[PDB]
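Visitor: In their complex positions, the first chains:
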Amino acid sequence: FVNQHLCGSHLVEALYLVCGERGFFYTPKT
């Protein structure tokens, strides 16, 4: 696998691409 800086819409897109149509829930700053 790989690792990066990912923020906002790009973080939500990367998460969606890792998970596929199964879906997800991101955790906030804290």
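Guide: Okay, I see it. Numbering: from 1, shown residues only, chains lettered A, B, ... in the order given.

Visitor: Show me how far the helix or strand containing residue A:15 is from its chain's centre.
Guide: Using DSSP states H and E, residue A:15 sits in helix A:8-19. Chain-centre distance of helix A:8-19: 3 Å, with CA atoms, centre = their mean, to the nearest Å.

Visitor: residues near residue A:12, how many?
Guide: Residues lying near residue A:12 (other CB atoms under 10 Å) number 13. Placement of C-beta: from N, CA and C, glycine included.

Visitor: Do I have it right that it meets residue A:26?
Guide: Yes - if you go by CB atoms under 8 Å, residue A:12 and residue A:26 touch, sitting 6.6 Å apart.

Visitor: State the number of residues packed around residue A:14.
Guide: By other CB under 10 Å, 13 other residues sit near residue A:14.

Visitor: Sequence for chain B below, add it please:
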Amino acid sequence: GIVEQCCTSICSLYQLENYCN
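Guide: Okay, chain B now, added to the rest:
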């Protein structure tokens, strides 16, 4: 959470896989 760990720091795709449904 990942809005800090992926953005302010670095994260992996293997770490994003923990936050899938």
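
Visitor: let's see the neighbour count of residue A:14 again after adding chain B.
Guide: Neighbour count of residue A:14, defined by other CB atoms under 10 Å in any protein chain shown: 18.

Visitor: and the residue nearest to it when sequence neighbours are not counted, what does it touch?
Guide: The spatial neighbour of residue A:14 that comes closest, neighbours along the chain excluded (CB to CB, 6 or more residues apart in numbering or on different chains), is residue A:6 at 5.0 Å. Residues near residue A:6 by CB atoms under 8 Å, 6 or more residues apart in numbering or on different chains: A:14, B:6-7, B:11.

Visitor: So which of those residues are in helices?
Guide: residue A:14 (DSSP state H).

Visitor: With distance to residue A:20 added, can I get the contacts of residue A:6 in TSV?
Guide: Formatted as TSV, the contacts of residue A:6 follow (distance: CB to CB, whole Å):
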residue	distance to residue A:20
A:14	12
B:6	18
B:7	22
B:11	18
